[PDB]
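Report on one structure; see the data block that follows.
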Amino acid sequence: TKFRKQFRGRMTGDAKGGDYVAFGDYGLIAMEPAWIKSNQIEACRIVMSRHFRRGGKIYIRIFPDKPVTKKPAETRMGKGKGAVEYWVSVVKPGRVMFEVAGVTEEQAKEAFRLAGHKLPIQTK
Amino acid sequence: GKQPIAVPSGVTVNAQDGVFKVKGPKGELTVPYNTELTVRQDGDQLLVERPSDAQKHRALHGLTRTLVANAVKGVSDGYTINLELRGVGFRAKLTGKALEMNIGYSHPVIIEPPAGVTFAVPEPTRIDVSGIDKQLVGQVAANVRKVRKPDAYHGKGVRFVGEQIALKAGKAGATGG
Amino acid sequence: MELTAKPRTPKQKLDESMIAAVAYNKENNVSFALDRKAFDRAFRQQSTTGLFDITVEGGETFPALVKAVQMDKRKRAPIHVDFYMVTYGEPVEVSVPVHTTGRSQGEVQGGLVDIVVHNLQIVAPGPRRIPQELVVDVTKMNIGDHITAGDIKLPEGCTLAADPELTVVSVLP
Amino acid sequence: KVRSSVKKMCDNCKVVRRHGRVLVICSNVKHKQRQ
Amino acid sequence: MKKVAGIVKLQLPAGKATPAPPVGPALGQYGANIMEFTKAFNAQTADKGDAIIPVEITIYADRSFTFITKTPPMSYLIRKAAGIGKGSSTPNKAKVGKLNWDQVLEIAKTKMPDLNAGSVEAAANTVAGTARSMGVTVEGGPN
RNA sequence: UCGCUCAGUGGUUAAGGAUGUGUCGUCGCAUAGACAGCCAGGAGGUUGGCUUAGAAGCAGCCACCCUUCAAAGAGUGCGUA
Numbered sequence: 001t002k003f004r005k006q007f008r009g010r011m012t013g014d015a016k017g018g019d020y021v022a023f024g025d026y027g028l029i030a031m032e033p034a035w036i037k038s039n040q041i042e043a044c045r046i047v048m049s050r051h052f053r054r055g056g057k058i059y060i061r062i063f064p065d066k067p068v069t070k071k072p073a074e075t076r077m078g079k080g081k082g083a084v085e086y087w088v089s090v091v092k093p094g095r096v097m098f099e100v101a102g103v104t105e106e107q108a109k110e111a112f113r114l115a116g117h118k119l120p121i122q123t124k
Numbered sequence: 001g002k003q004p005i006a007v008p009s010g011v012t013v014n015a016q017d018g019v020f021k022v023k024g025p026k027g028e029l030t031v032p033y034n035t036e037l038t039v040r041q042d043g044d045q046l047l048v049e050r051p052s053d054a055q056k057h058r059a060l061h062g063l064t065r066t067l068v069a070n071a072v073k074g075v076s077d078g079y080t081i082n083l084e085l086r087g088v089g090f091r092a093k094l095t096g097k098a099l100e101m102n103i104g105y106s107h108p109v110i111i112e113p114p115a116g117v118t119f120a121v122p123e124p125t126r127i128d129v130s131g132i133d134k135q136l137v138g139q140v141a142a143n144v145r146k147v148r149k150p151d152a153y154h155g156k157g158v159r160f161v162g163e164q165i166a167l168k169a170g171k172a173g174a175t176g177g
Numbered sequence: 001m002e003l004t005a006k007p008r009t010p011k012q013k014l015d016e017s018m019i020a021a022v023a024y025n026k027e028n029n030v031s032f033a034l035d036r037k038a039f040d041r042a043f044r045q046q047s048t049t050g051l052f053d054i055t056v057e058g059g060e061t062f063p064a065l066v067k068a069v070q071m072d073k074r075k076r077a078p079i080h081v082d083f084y085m086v087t088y089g090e091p092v093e094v095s096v097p098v099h100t101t102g103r104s105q106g107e108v109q110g111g112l113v114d115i116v117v118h119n120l121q122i123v124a125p126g127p128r129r130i131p132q133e134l135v136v137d138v139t140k141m142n143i144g145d146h147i148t149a150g151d152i153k154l155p156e157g158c159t160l161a162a163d164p165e166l167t168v169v170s171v172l173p
Numbered sequence: 001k002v003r004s005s006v007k008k009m010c011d012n013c014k015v016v017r018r019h020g021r022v023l024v025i026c027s028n029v030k031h032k033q034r035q
Numbered sequence: 001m002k003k004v005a006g007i008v009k010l011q012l013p014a015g016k017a018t019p020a021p022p023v024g025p026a027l028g029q030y031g032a033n034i035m036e037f038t039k040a041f042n043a044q045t046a047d048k049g050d051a052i053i054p055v056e057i058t059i060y061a062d063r064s065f066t067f068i069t070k071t072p073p074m075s076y077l078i079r080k081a082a083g084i085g086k087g088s089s090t091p092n093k094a095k096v097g098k099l100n101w102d103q104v105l106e107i108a109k110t111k112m113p114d115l116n117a118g119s120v121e122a123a124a125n126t127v128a129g130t131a132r133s134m135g136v137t138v139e140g141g142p143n
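In order, the protein sequences belong to chains A, B, C, D and E. Counting along the first sequence from 1, when you hit position 81 you're at 81 in the numbering used here, and nothing is skipped either side. Counting along the second sequence from 1, when you hit position 108 you're at 108 in the numbering used here, and nothing is skipped either side. Counting along the third sequence from 1, when you hit position 16 you're at 16 in the numbering used here, and nothing is skipped either side. Counting along the fourth sequence from 1, when you hit position 10 you're at 10 in the numbering used here, and nothing is skipped either side. Counting along the fifth sequence from 1, when you hit position 70 you're at 70 in the numbering used here, and nothing is skipped either side.
Next comes the structure, spelled out in structure tokens:
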């Protein structure tokens with residue numbers, strides 16, 4: 001649900017990034033490239049949509065990066081194989097920003113749910 | 001911090017590194033005090049002290065003319081602790097220092113009536129006790145909430161005097177026998 | 001709301017409460033500082049709306065405005081931003097925001113609160129000021145109307161950037 | 001049950017200063033948790 | 001009528017309580033009706049075959065029943081030049097429901113026998129929205 | 001000089017928390033001596049139209065106009081078909 005092919009690759013490395021923007025309502029940013037298992041962010045919106053409403057659309061500022069290549073475990077003493085994992089990784093970018101009112105950040109309350117690390121909401 | 005209170009001129013306090021006690025109509029309250037906290041009498045009224053700034057007189061003081069109440073109950077004040085009960089009758093006599101409490105099993109369980117709360121009895125339907133302790137006034141009140149616990153339905157035993165406590169419910173409500 | 005300070009280094013720019021500060025007025029560079037108490041009176045109600053003074057240590061009096069907003073990336077400790085001061089003859093960067101406000105007449109078919117997540121607008125402003133008076137977000141969200149960026153209630157004059165046709169608020173419930 | 005930053009939940013829930021807790025005591029009668 | 005009364009409020013329909021379905025002997029055992037439904041909302045409740053008629057229905061230790069009720073035409077003169085159809089759906093959706101322009105005169109000009117106010121700029125302020133639940137547009141306002 | 005100070009961490013450890021704490025900015029305000037712990041006010045058109053047994057302040061959709069009076073909520077939570 002990211003690329004459709006265009007060859008494997010990628011490496012590692014942590015720090016911060018660049019993708020922060022002055023929000024119009026009530027922002028929310030990551031703080032370093034924390035932990036989101038792809039098949040975690042594959043439960044980021046639905047969990048932010050248990051029943052917030054019949055309809056309703058806002059905005060995010062990220063997109064699945066990934067592949068990792070994990071390989072079996074019969075005898076790890078070789079090269080590689082293929083991804084079969086997936087991950088997003090980010091900086092301190094926006095990802096929510098509500099536009100209602102009384103609700104405030106109800107869906108930015110169980111966002112921290114699928115978040116082993118720290119991801120404040122802030123506001124702007 | 002406090003100081004004001006309600007009591008005429010019929011009581012005297014010590015002034016000896018914590019040894020104090022009351023001496024009115026039956027009291028001799030246990031006092032025991034530190035060393036950084038003391039204060040001496042100043043007449044029919046009292047005063048406030050602060051021989052040392054900060055957190056040193058706000059853990060053991062700023063509420064000293066308060067525990068006086070623990071002794072006020074009797075030296076001039078009253079005492080009563082009055083409750084009612086509905087868990088199978090209301091009977092309790094002392095004939096010494098051993099109320100029997102008529103409820104449930106032949107298997108005794110008798111408690112040992114202390115000095116000051118040792119019961120009087122007069123009215124059976126609702127025991128009366130001259131608890132001049134203020135240590136075991138509400139505790140004894142609680143002496144029947146650890147075993148004979150009231151039924152979680154109608155409005156029995158444990159009750160103060162008249163509140164919106166109501167009687168517990170569940171699914172609906174009914175009772176017979 | 002005073003000034004003073006000096007430090008040509010990032011020493012007192014990374015020490016508890018302070019900032020970094022920048023100035024480049026006509027024959028007036030240097031990098032001051034100042035504390036950071038009620039130093040978040042930018043995007044609140046003072047966003048170019050009005051222009052007081054400052055009384056800097058020694059000479060002159062420059063009104064100036066706010067020069068957009070910025071806060072801080074991720075956290076909330078606004079790392080150094082910027083600060084415009086009307087005294088130049090040709091920079092850019094204007095702060096003409098576009099909000100979202102109301103009950104959201106989205107429950108007509110299906111649609112929530114006016115989203116928008118950007119932080120950039122088709123704007124221009126000649127001199128350097130950036131007034132405070134504009135709406136655009138409302139106007140019967142449905143179809144056969146819409147209200148975005150291209151002309152609107154536009155500051156004062158016309159606009160100049162590159163290609164006048166961003167996106168901003170829009171509708172699409 | 002649970003021993004970490006789990007917040008107040010209903011201001012009625014006093015924090016309690018003990019050994020090193022955080023506590024949470026409802027608003028009336030329902031839950032009396034403690035670590 | 002020993003020395004105390006009851007209370008309780010009910011939305012007594014068009015009198016249905018004789019066969020069974022409605023609420024005959026289902027609402028009468030502690031002193032409601034049983035053997036009297038007529039000449040007690042059927043009395044002067046026959047000025048029409050479909051109204052409302054409010055009352056506080058006294059319920060004493062005895063069973064005789066007579067009268068003592070409110071004044072229902074208070075809330076009926078604005079409930080018979082309309083009906084129950086395409087009126088109450090989901091208020092706030094388009095432009096549904098309408099009464100009449102001139103019918104915004106004697107449709108607030110009925111607050112005096114019951115409305116404890118009943119005055120100028122007072123006998124039409126409480127009732128200035130009755131079909132508010134239907135969510136429609138004034139077109140007039142009690143002039 | 002002196003704080004966090006009281007857990008023995010400091011001598012294997014974290015996403016989430018508890019109204020513990022030395023200290024910097026606002027607020028409706030106890031120089032109307034507010035709220036936070038009470039006495040008295042606690043009802044009318046409408047007890048709202050509608051799924052209609054009544055649903056009548058609370059099994060439902062929707063909706064918030066005024067009244068005795070110098071003001072008072074289309075009703076949070078209790079009982080509950």
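Quick reminder that beta carbons are idealized off the backbone N, C-alpha and C, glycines included.
Check, Outcome
"Residue 43(A) (DSSP reduced to helix, strand or coil)", "helix"
"Proximity test, Cβ basis, 8 Å: residue 61(A) and chain C", "yes"
"Chain C contact for residue 48(A) (CB, 8 Å cutoff)", "no"
"C-beta contact flag for residue 140(B) and residue 79(B) at 8 Å", "no"
"Residue 136(E) beta carbon less than 8 Å from that of residue 98(E)", "yes"
"Contact set between residue 102(A) and chain C, taken where Cβ atoms lie within less than 8 Å", "Within 8 Å Cβ-Cβ: nothing; residue 102(A) doesn't reach chain C, min ~11 Å."
"Proximity test, Cβ basis, 8 Å: residue 53(A) and chain C", "yes"
"Contact check, residue 111(A) vs residue 31(A), beta carbons under 8 Å", "no"
"Residue 12(C), DSSP secondary structure in three states", "helix"
"Given residue 8(A) as reference, the closest of 87(A), 108(A), 117(A), 67(A) once Cα atoms are compared", "67(A)"
"Proximity to residue 73(C) [Cα-Cα], best of 78(A), 10(A), 122(A)", "122(A)"
"Close beta carbons around residue 150(C), own chain, < 7 Å, minus the five adjacent residues each side", "164, 165"
"DSSP state of residue 74(B) mapped onto helix, strand, coil", "helix"
"The region 26–34 of chain B touching the region 73–93 of chain A, judged by at least three CB pairs closer than 8 Å", "no"
"Through-space distance from residue 37(C) to residue 45(C), alpha-carbon basis", "16 Å"
"Own chain partners of residue 83(A) with C-beta closer than 6 Å, once the 5 adjacent residues on each side are dropped", "67, 68, 69"
"Residue-chain proximity (residue 124(A), chain C), Cβ-Cβ < 8 Å", "yes"
"Coil, strand or helix - residue 108(A) by DSSP", "helix"
"Own chain partners of residue 63(E) with C-beta closer than 7 Å, once the 5 adjacent residues on each side are dropped", "31"
"Residue 25(A) at chain C interface by Cβ criterion, 8 Å", "yes"
"Burial state of residue 33(E), where buried means 16 or more other Cβ atoms lie within 10 Å", "buried"
"Reduced DSSP secondary structure (H/G/I, E/B, other) of residue 40(E)", "coil"
"Which of helix, strand or coil DSSP assigns to residue 172(B)", "strand"
"Within-8 Å CB hit, residue 112(C) to chain A", "yes"
"Proximity to residue 46(E) [Cα-Cα], best of 71(E), 14(E), 61(E), 19(E)", "14(E)"
"For residue 83(C) and residue 94(C), the rounded distance between their alpha carbons", "12 Å"
"Cα-Cα separation between residue 71(C) and residue 79(C), rounded to whole angstroms", "7 Å"
"Cβ contact (3+ pairs, closer than 8 Å) linking the region 1–8 of chain B and the region 40–59 of chain B", "yes"
"For residue 129(E) and residue 119(E), the rounded distance between their alpha carbons", "17 Å"
"Amino acids of chain A, ordered along the chain, whose beta-carbon sits closer than 8 Å to that of residue 70(C)", "22"
"Spatial distance of residue 118(C) from residue 135(C) (CA atoms)", "16 Å"
"Cβ-Cβ distance between residue 20(C) and residue 30(C) below 8 Å", "no"
"Own chain residues within Cβ distance below 8 Å of residue 107(A), not counting five before or after", "48, 49, 52, 96, 98"
"Nearest-angstrom Cβ-Cβ length linking residue 46(A) and residue 87(A), presumed shorter than 8 Å", "Not really, about 18 Å apart at Cβ, beyond 8 Å."
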